[PDB]
Amino acid sequence: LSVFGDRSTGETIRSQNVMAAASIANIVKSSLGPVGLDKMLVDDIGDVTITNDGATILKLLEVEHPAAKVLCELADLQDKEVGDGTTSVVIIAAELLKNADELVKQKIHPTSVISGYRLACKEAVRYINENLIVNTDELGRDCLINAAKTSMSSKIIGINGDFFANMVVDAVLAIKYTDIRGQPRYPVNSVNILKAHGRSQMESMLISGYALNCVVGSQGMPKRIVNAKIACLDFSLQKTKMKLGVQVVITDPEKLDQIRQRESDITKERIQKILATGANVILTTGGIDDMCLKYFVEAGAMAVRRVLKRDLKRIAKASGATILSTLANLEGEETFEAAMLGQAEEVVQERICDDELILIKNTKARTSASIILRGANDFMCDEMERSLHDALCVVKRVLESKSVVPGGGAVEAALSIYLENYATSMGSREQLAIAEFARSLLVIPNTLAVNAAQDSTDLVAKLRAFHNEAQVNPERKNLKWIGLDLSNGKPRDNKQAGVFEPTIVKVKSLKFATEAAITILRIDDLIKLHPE
Amino acid sequence: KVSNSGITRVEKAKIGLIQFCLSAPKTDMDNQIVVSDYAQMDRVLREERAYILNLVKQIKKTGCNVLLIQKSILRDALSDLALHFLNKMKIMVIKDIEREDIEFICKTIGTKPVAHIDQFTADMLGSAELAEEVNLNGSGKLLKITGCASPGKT
Amino acid sequence: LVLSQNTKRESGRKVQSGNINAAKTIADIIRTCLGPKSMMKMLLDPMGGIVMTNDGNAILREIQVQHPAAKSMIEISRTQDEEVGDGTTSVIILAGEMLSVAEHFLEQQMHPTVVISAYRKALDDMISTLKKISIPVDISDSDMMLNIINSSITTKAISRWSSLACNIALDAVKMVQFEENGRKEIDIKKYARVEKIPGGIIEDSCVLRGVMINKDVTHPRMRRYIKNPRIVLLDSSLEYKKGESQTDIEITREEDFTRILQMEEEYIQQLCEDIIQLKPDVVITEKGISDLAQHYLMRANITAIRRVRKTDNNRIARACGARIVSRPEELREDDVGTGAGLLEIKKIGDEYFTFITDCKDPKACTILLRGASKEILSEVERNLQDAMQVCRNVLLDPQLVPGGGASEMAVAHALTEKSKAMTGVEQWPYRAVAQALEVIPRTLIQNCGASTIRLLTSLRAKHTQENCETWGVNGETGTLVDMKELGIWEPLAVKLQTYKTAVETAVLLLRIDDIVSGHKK
């Protein structure tokens, strides 16, 4: 008996939640797999956004029903953890929820289903770790290209997949980083991505260094420096304030002029101290005043203003320069040291699409990687940068975990039958949940085929037949195989075909899907409240 | 989250929690520097630098390497210049500690706070086996301090 | 309620057909605008003015849309224009017809992705073929450059002024080269300012070896005519200025007030003799100028101009080679305005202007456009923009291509050969692309007004002959003409970016399959 809203219980709300989950599934059901077809959103005012990556779609799609919000947040988390599988994980969650409900829709007690699901997830991850493929023996760049171009289909760039994979692997190997003293961690998002409409991705270029989306401050100031004198400076450049409250009171007028004089001479001497070091390149997130600009021109150095903090931090990491929030010393006097300087072979501002952007090539301290995109419109460019970010994510996963999974749905292809066999072991009722888990998880090949528009039942049956054969005659070195394809509409060996996915993708995907199913299935009543 | 750019993990760290702000001295009651003369400009600038320098130098002289600073929304918080010194001297640093958390923290890591320069002494600097910033959430970063020689009951 | 409460959705073949329809319409509304026989289009802007121009980019830029793919095409046009200047007279048309043939394979139930792969192979082969059929050309030889410009402009209103236009563009572009990049100097098209002044005739417009300032002498005394002026660029204001640090003064003795009043006067003076110590002649600033400093400079017989736009300051500096200065005490003779062949202030009629001509080796220059009225002048300057853009593209690439659709037909039969050697399902899309290319010459024909079918057949059959690839379509005769003697030539990069963006448009649109509205964020 609650004001400002009714309540729904039992079958009604269960069916409602399944209905919402199926809706969300069908929202993205058409954007997965090497024949996935991307989505696009007329926002409300024309600023459209083409994208096939599911998490982006979910974030940009307003949602009101609770369970759908749950799925959206799950997709966002998955993106924060893998990069793709938002192609997949939402579908997995929805399908598992659907079949679990179908069991419950009869009578079956939910907690039994939950326990069965938990067992299913644990069994599945164990079987995957018995199904793993190790890349260490395999050629590094080879499998990296494979995983990349595997992710590259279902995207705008899958056609140029070969070139794009080459570029991506080069960048990621160039962004090596020594971690906690025992880990070669590779930072995603460390590589810099800039979009620039114009030429095709054919002409999109990899930068053996770092690239700036900034401009030269003073037109008279030069354009290219073949020398590596690069200094960073957080400390802004203005004729300084008194900066807290310091009122200036005059009882002897004879000194106002000299006061004003040093009001700029302070910045003048700071600049001269900087330049006497011989630094020819300066960057600054803070403001840059014309006073400094003209001094720099007379010195002929390089100056950039209003640069984003992350970019300059990356600059310090690459060139080996030191981020400097100010000028100071262990002693009070403000000095500057050449040791603070970073180096790079040549720094150029260049005109791409009549917009001058600043390039930094071959920092000697630490190799950096940046990528420039070229395309027709801003829509294609930013959707492809989303794609590339996913690419770098998956390659990072591959390097971090020397372990790979055969792509194209071999995962659930094996999993369905293996869990089917394992189900009879339990003997309880929960093997019914196990079997439904398997059958639902069989959705990925179904969606693959339908988006590829051929007889899906026959492909799925052939897949299951091959895997079941792989579960007969345990001499499976010549009887264990793995694979599935779409372009020819018939099975293959993805291991030979190079269709690979990182293990963590499927692992974390199944785990999060199981958690989502547990959360939503335990629902049996919503109670609404009209707002204040 | 941390506020130092460069320090992420510290080993055998000695912890100290400090309440008084690290910035230009601003009195409880209204105050203001008057400028009327010649050397006043550089004397000021040099001397707030010297004051912050004395602060940080004493902090190091105690041997601490991990800094804890509470909220001071009423007035200046930790100044940027002091952050520069600390990062120069390689000290782990944290801003924005909620006043309600202070009792819990001092119970746990076993470290009574310090609210004036003089009382800050190696006697009170707490010690913990390890303290650093874990990285989860992809980039959602969190602080852990595992192992303390003074086992708090919390 | 489940999804978003008033967000529409649409799916599948309906969406594909709708997007194809939108693209076809976009192409159609411009198909008449291409060719030397072209039409002339004028626009009603939202806020009152009148805009008339052949250039497709502006035409589309003055279009708002509701269907999204149309907006995508709009952006595509604007990008191609930005990068190359023209071709937008053709790019969207080519993209639309590309899509129109493309859709014919959708009801073949042919899934889009394979067609996309076919398109990518098509682009690769087209690029290769065009590179095979280029002609390198000298860049120094002036009259060939003029011919190129005439070719690239004889589609818009300036055609009848071809000689003047080509001379203008060549002069402007040639003299803009910042050689400070070693042998990798770059020209820039933001120092080539364009000024529209009404009155006069097109014939009166000319290249001024310098800059144009729409300002006037501040005081009567400064001479309006000087042979060899010296120029100083003061970025800073020349007057007394706020003490930035909220300073205050508390005087007690009587003389003090008048004394501080004298002090700012003295500061102004200080700046003045600091300037005059360098024996300048011309004072320029983006900021204001004190009338007292104006007095002192007058006493030194020095011309002063106040409050000029910063870009204008930069262009003046590049004109007289001097560098801008913001500190008079730090003024250096290295920034003396040497290299001004003549300083003058004329009257265009009810308005003073500033002429700084006859520089030694001017690197900056602005073009003086003098025509009939501001809208025609705007059309003229748009055409000039396109011309000088393609000229710079040539100075980046000395490779040329025979236009008039000739290159298109070469590509056509080349892809036809590749297709008949390239059996497979993708074959049909490949030759479909080939056939879709043929429509640029077609549109040329209709805009001419000749027998499109018979002319096109004669063209294609002619171009099965390997001995000749230079056979194209004349704009006016509507007859097959080998391009060499006709001379309509174009820079390679133009047509490159053309096809390249075209197939990008194709892939981007063909991957689309669903619509979602009402994001509200």
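What counts and how
- All residue numbers start from 1 on each chain and follow the order of its written sequence rather than the entry's numbering, and residues without coordinates are excluded.
- Here every chain gets a letter starting at A, and every ligand a number starting at 1, in the order they are written.
- Each value listed describes the chains present in this view, a part of a larger assembly.
- Computation of side-chain values covers all heavy atoms of the structure but excludes hydrogens and water.
- Patch membership is restricted to residues that have no salt bridge and whose relative accessible area is over 30%. Joining uses 9 Å for like charges and 5 Å for the nonpolar side chains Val, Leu, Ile, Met, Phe, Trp and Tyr.
- The Shrake-Rupley method, run with a 1.4 Å probe sphere, supplies the accessible areas, and residue values consider only the shown protein chains as cover.
- Here, a salt bridge means any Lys or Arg side-chain nitrogen found within 4 Å of an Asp or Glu carboxyl oxygen.
- The helix count covers DSSP runs of H or I at least four residues long, the strand count covers runs of E at least two residues long, and both are numbered beginning at the N terminus.
- Exposure is judged per residue with a 1.4 Å probe applied to protein chains only, and the accessible area is read against the type maximum: over 50% gives exposed, under 20% gives buried, and values in between give partly exposed.
- Any two strands are treated as partners once DSSP identifies two or more bridges connecting them.
- Inter-axis angles, ranging from 0 to 180 degrees, are taken between N-to-C directions of lines fitted to C-alpha atoms, where helices are fitted over the stretch in contact.
- Less than a right angle of anticlockwise turn of the near helix away from the far helix marks a crossing as left-handed, whereas a clockwise turn marks it as right-handed.
- Any pair of residues with heavy atoms lying within 4.5 Å of one another is described as a contacting pair.
- Classification used: nonpolar for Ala, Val, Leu, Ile, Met, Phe, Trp, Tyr, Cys and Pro, charged for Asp, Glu, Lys and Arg, polar for all others including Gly.
- UniProt positions are given in the numbering used here, feature names are shortened, and annotations may be inferred rather than shown by experiment.
- Polar contact criterion, stated in full: a pair of N or O atoms within 3.5 Å, where within protein one must be able to donate a hydrogen and the other to accept it, and residues adjacent in sequence count only if both atoms are side-chain atoms.
- Summed over both partners, buried area is the accessible surface (1.4 Å probe) that two parts give up on being assembled.
- Here the positive residues are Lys and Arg and the negative ones are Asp and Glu; neither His nor the chain ends is included.
- Note that the charge is assigned to NZ on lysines, CZ on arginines, CG on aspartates and CD on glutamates.

As summarised from the PDB record, the model derives from cryo-EM at a stated resolution of 4.5 Å.

A.B. asks: How should a nonpolar patch on the surface be read in this particular structure?
C.D. replies: Residues and elements named next belong to chain C. The grouping of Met-42, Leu-44 and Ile-50 at the surface amounts to a nonpolar patch, some 340 Å² of accessible area in total. Tracing the chain through its elements places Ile-50 in strand β3 (residues 50-52). Under the relative-accessibility criterion, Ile-50 is labelled partly exposed at 38%.

A.B. asks: How do you make sense of the sheet that holds strand β9 (residues 231-234) of chain C when you look at a structure like this?
C.D. replies: Each strand in a sheet pairs with another by means of backbone hydrogen bonds, the pair being arranged parallel or else antiparallel. Residues and elements named next belong to chain C. Read across the sheet, three strands follow the order β9-β11-β12 without closing on themselves; strand pairing throughout is parallel. Looking at the sheet topology across the chains shown, the edges are occupied by β9 and β12 (303-305). When the angles between neighbouring strand axes are averaged without regard to direction, this sheet yields 15°. Two elements, β9 and strand β11 (residues 282-285), share four bridges in a ladder whose sense is parallel. Opposite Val-232, over in β11, you have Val-283 as the bridge partner.

A.B. asks: Explain the packing of helix α12 (residues 410-426) of chain A against helix α15 (residues 456-469) of chain A to me, please; I cannot follow it from the model alone.
C.D. replies: A packed helix pair is summarised by two numbers, namely the angle formed by the two axes and the spacing between the axes. Residue and element names in this part refer to chain A. At a closest axis distance of 9 Å, the pairing of α12 and α15 adopts a crossing angle of 65°. As for the relative orientation of α12 and α15, their crossing is right-handed in sense. Here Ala-410, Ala-413, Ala-414, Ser-416 and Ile-417 of α12 lie close against α15, whose contacting residues are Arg-464, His-467 and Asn-468. Considered class by class, the residues forming the contact of α12 with α15 number four nonpolar, three polar and one charged.

A.B. asks: So what exactly am I meant to see when it comes to the UniProt feature "binding site: ADP" in chain A here?
C.D. replies: Residue and element names in this part refer to chain A. Taking the numbering used here, the UniProt-annotated feature "binding site: ADP" corresponds to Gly-33, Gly-85, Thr-86, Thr-87, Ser-88, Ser-154, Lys-155, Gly-408 and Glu-501. One can find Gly-85 in the loop between α3 (66-81) and α4 (89-104). Relative to the elements of secondary structure, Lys-155 occurs in the loop between α6 (140-152) and α7 (161-174).

A.B. asks: Looking at this structure, I do not really get the UniProt feature "binding site: ATP" in chain A. What am I missing?
C.D. replies: Residues and elements named next belong to chain A. Mapped onto the present numbering, the UniProt feature "binding site: ATP" falls at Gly-33, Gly-85, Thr-86 and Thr-87. Maximum C-alpha separation among the annotated residues is 11.3 Å over a sequence range of 55 residues, consistent with a single clustered spot. Along the chain, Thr-86 falls in the loop between α3 and α4. Apart from the residues within four sequence positions on either side, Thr-86 is in contact with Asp-53, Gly-54, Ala-55, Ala-75, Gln-78 and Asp-79. A distance of 3.4 Å separates a polar side-chain atom of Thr-86 from the backbone nitrogen of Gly-54. Within the secondary structure layout, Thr-87 lies in the loop between α3 and α4.

A.B. asks: Explain the interface of chain A and chain C here, please?
C.D. replies: Interface extent is often summarised as the accessible area lost during association of the parts. In this complex, chain A contributes 74 residues to the contact, which on the side of chain C involves 73 residues. For the pair chain A and chain C, the summed buried surface comes to about 6,700 Å²; carbon and sulfur atoms form 51% of the total. Where chain A packs against chain C, one counts five salt bridges. With six residues, helix α9 (residues 290-299) of chain A is the single largest residue contributor to the side of chain A that touches chain C. Among the residues forming the side of chain A that touches chain C, the class breakdown is 29 nonpolar, 21 polar and 24 charged. The pairing of strand β9 (residues 247-250) of chain A with strand β10 (residues 247-249) of chain C spans three bridges and is classified as parallel. Residue pairing for β10 of chain C: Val-249 of chain A is matched across the bridge by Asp-248 of chain C.

A.B. asks: I'm lost on the environment of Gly-152 of chain B in this one. Help?
C.D. replies: Relative to the helices and strands, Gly-152 of chain B is located in the segment after β8 (140-144). Not counting residues within four places of it along the chain, the set of residues in contact with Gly-152 of chain B comprises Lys-107 and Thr-108 of chain B.

A.B. asks: Just checking my understanding: could you explain a negative patch on the surface for this structure?
C.D. replies: Together, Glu-298 of chain A together with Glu-329, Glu-330, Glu-333 and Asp-334 of chain C line one region of the surface with negative charge. In this structure, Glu-298 of chain A sits in helix α9. Residue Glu-298 of chain A is classed as partly exposed on the basis of its relative accessible area of 33%.

A.B. asks: Even after reading the chapter, I still don't get the pattern of salt bridges, so can you show me in this structure?
C.D. replies: Any two side chains of opposite charge can pair, so long as their charged atoms come close to each other. Evaluated as defined, the whole model comprises 35 salt bridges over all chains. Residue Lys-506 of chain A pairs with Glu-501 of chain A through a salt bridge whose shortest N-O separation is 2.4 Å. Put simply, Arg-199 and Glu-203 of chain A together with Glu-83 and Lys-500 of chain C are held in one network by salt bridges that share partners.

A.B. asks: Would you mind showing me how to read the interface of chain B and chain A here?
C.D. replies: If you look at the interface, chain B gives 23 residues, while chain A gives 26 residues. Surface buried jointly by chain B and chain A totals about 2,200 Å² across both partners, of which 55% is contributed by carbon and sulfur atoms. Across the salt bridge formed by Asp-37 of chain B and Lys-255 of chain A, the nearest N and O atoms sit 2.9 Å from each other. Inspection of the chain B/chain A interface yields 10 residue pairs in polar contact. Listed by contribution, the elements that provide at least two residues to the side of chain B that touches chain A are β3 (34-35), α1 (40-61) and α2 (80-89) of chain B. The residue makeup of the side of chain B that touches chain A, split by class, is nine nonpolar, seven polar and seven charged.

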